[PDB]
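What follows is one structure encoded as structure tokens, with my remarks underneath.
Cβ: placed from backbone, ideal geometry, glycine included. Neighbour counts: every protein chain shown. Just so it is clear, none of the values below were taken in a lab; they were calculated from the coordinates.
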Amino acid sequence: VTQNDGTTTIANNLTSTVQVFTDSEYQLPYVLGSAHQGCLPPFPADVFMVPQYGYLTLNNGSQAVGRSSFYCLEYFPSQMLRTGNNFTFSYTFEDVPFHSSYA
Amino acid sequence: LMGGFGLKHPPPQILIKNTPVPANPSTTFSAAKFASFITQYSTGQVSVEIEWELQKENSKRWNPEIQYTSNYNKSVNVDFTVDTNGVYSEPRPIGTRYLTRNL
């Protein structure tokens, strides 16, 4: 997307990649399960915006602690995807009890 | 609650006792029990060999961690070391919680 002084122009960039990885070994802070906005929409025709990832760490007020961990996410192996490429993974849920859907 | 490993079957009690060696009995029979014994003690060596299972860390943490270290600042006595009288002392309690892990 190019802003040239009067009008936004949007063009394809065919040789540009997008980095995707999964944190399948649980060594990033887990921000899911905190009831945040930005999930998939309820209705299949809606287009959603991917939320920005962020984590909190230890604090002493607004300052930092020596045990505060910083996580670079380009220090993980990620799959780079141009147009034509795709991403896929599978996951098996552990043995969880049935949710009691009765009164 | 004092910390440690709760064991239904812990390492068993190892009980030790000098066998009573009597002094010279009277040359006539006495049905009373012996109150006179040869004064003696025992000594020896004792070995305990425990195998411990470890759990290695898999943190993707970028910044360095808090670790237990000795200080390089000079002193009259090195920590965890005998003094000039040969008396071993431990200067501080060392806990075991120095690495970090996310919730």
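Go ahead and run the numbers for FRET between A:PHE70 and B:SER89, Cβ-Cβ distance against an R0 of 45 Å, rounding to 0.05. Here the calculated transfer efficiency is 0.70. Subtracting the Cα-Cα distance of B:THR43 and B:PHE5 from their residue separation scaled by 0.36 nm leaves 10.6 nm.
The convex hull of the Cα atoms of chain B, projected and averaged over all directions, covers 15.4 nm². Computed on the Cα atoms alone, the convex hull of the protein assembly as shown gives a volume of 430 cubic angstrom per residue.
Normalised by the number of residues in chain A, the average gap of Cα pairs under 8 Å and 6 or more apart makes the relative contact order 33 percent. Dividing the convex hull volume of the alpha carbon atoms of chain A by its residue count gives 282 Å³ per residue.
Cross-link partners for B:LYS17 among the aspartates and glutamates, with Cα-Cα distance under 14 Å and sequence neighbours closer than 8 places in the same chain left out, do not exist in this structure. Each residue of segment A:2-42 gets 210 Å³ once the volume of the Cα convex hull is shared out per residue.
Note on segment B:28-81: Rg/Rh from C-alpha atoms, Kirkwood Rh, equals 1.41.
Set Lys and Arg Cβ to +1 and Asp and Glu Cβ to -1, take the dipole of chain A about its Cα centre, and tell me which of A:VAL1, A:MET80, A:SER16 lies farthest positive. Ranked along the dipole, the leading option is A:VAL1.
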